[PDB]
Amino acid sequence: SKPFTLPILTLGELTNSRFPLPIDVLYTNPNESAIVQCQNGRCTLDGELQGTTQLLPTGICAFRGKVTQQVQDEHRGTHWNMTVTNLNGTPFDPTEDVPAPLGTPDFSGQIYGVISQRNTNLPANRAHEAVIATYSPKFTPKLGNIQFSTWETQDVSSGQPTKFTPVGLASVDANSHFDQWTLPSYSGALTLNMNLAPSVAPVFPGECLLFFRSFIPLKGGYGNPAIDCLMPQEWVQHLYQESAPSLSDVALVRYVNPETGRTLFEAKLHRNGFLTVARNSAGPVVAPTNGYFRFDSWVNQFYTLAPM
Amino acid sequence: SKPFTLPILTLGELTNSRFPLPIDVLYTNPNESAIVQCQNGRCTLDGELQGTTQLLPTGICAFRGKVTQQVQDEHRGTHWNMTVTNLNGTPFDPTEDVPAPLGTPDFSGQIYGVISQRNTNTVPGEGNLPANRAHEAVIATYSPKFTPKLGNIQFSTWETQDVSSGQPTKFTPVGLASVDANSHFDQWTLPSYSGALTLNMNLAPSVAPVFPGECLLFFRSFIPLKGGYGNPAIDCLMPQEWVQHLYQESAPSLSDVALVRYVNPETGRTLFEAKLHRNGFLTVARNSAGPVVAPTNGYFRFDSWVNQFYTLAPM
Ligand SMILES: C[C@@H]1O[C@@H](O[C@H]2[C@H](O[C@H]3[C@H](O)[C@@H](O)[C@@H](O)O[C@@H]3CO)O[C@H](CO)[C@H](O)[C@@H]2O)[C@@H](O)[C@H](O)[C@@H]1O
């Protein structure tokens, strides 16, 4: 029976599965009131991708498609409607059992990046800064179309292959609706999201979720926003490759310093693909960025973790 | 000996190790005249990273540092000097045996992306939070001001004033600014990491076929353009996921060449075979240039270690 394993990449060798960023710190927040139900970076321990999760680091919060219409904003900026395909360029089939095209953003906010185009008919090219408001009524990726806005007023071509490269957030002020745990309405506001990866939570008292946290760039304004993922992208890729059978619902993992061999703390790695620790405080976990998680053994829901 | 393995990823599940792009096609060009000596995506089969190669997909062609001041330059735009650190924020030690900070671009051109800043100082009235800004930027890697091995580079912006001196700065690559003649795009020309007229050091070695009839096989991605005409591409020797896998496994290399087969798993039939060389590159028996037309659900499978006398089946 294929033994379960995690990669031997250190924190400084891991990337976020919910936005294209390095992992900066491990992090807890026991008093979080939101339901944690992100859709990228979702993979079971036996290698089943869930939600909108796909394997490419370049596909996280990316879109591919074509522009079909230009509409000027009531105040400032220009909006462009974009039909979206699968990231591999094949048409998106709304009947497939996914919430949205794989790679679609899984949080409410104004996502800042670059739209680029390379024409079909050597080809002409253009690129501009762009913002995608995932809370907008026009954010309907499950129906095959989204809207982006630009500061550029005219030089975006219709009917030509278009790529969105995410870079960060446009703003986190009150009017920008940034909330990392609020899912977009993938089909628009009056329609239920479907085919979601399940919510995650600790089930044992005194435990809290452990996140891999990355700080996300901002186009302007004040803030130090972060995106927390349940497992880094390299873990998604590893679990998918190995497809090792899960022998219980909960694996015990140890965070180790290899310099010393000492265990710094232990955690539960749950079958659905998330970590819990026994910690009663919020904030970063102070540890070397050369530490890493090692699988110890399968345990069960009733195992008592050593406190952090 | 731990058996050598490759990951089981189709072309559509792989990314480029020289720029943050998906792999689009496999590609050959037997008549290439340049020396192929790229410095990102360099890893031996037993897991030794070489050149400027590092493991993060977000680190490829990225920079981290601080803007110092606005500077004058003959070229169009507004220009800024920035010191560069290691990507993990620690100071870059020029005495380390590397060509430049890991992740530094390994080709001549005008690299287009976004510079972003998050200030160190916070404002009590803003909830004790820092101010931020981001703007499009271009780094000309052929410029005499591109001196990452000395710990500083220059970038240009269309924005004329809203870049802050002394503040932490990140460069996120997106594509190229141009591939016109005056933009000096050449994927096989290395930057001068310490400036004009200095010799680059600590380089990963050049790669080439040894056997007649063989040519290099590349993983090709098409790179976006800010403007102008073109369909530029970046060719890597192995995808970033192979770098990551080889690094993890560190399997001993039992000869100088591994025989690999590109397989369609649906039929289990081999589409073609290739040599995977110890230093981390592929060759095939092909006498044409251009894409390899095969399913993007195909993948390479390790078959066996072979010796210097193996003749590959023509593709
Ligand atoms: C804090 C400063 O941010 C930028 O100022 C620009 C300003 O940014 C505003 C955002 O557009 C808005 O969404 C929200 O986040 O508030 C920001 C200001 O607090 O926008 C105007 C245009 O309306 C200008 O572009 C300002 O420069 C940044 O550019 C500054 O350098 C500051 O960091």
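A, B, ... follow the sequence lines: proteins, then strands. Residue 1 opens every chain. All ligand and atom numbering here is 1-based and tracks the order in the structure.
Distances between N or O atoms of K219(A) and those of ligand 1 include no value under 3.5 Å. Considering backbone and side-chain N/O of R133(B), one or more are found under 3.5 Å from N/O of ligand 1.
Counting the atoms of ligand 1 from 1 in the order shown, those under 4.0 Å from a heavy atom of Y222(A) are 1 (C).
Note: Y142(B) and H184(B) have perpendicular aromatic rings, judged against thresholds of 30 and 60 degrees for the angle between ring planes. Ring geometry for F185(B) against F107(B) counts as perpendicular: the plane angle is over 60°, on a 0 to 90° scale with 30° as the lower cut. In this pair, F63(A) and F164(A) present their aromatic rings tilted. The plane angle is within the 30 to 60° band.
Across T104(A) and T52(A), no two heavy atoms sit closer than the pair O-OG1, 3.7 Å.
The heavy atom nearest to atom 13 (O) of ligand 1, considering only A131(B), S171(A), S176(A), is found in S171(A). With distances taken over non-hydrogen atoms, the option nearest atom 8 (O) of ligand 1 out of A134(B), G221(A), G223(A), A174(A) is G221(A). Considering only non-hydrogen atoms, atom 16 (O) of ligand 1 lies nearest to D173(A) out of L169(A), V163(B), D173(A), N119(B).
Within a 6.0 Å radius of CG in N280(A), other residues, nucleotides and ligands contribute 12 heavy atoms or fewer.
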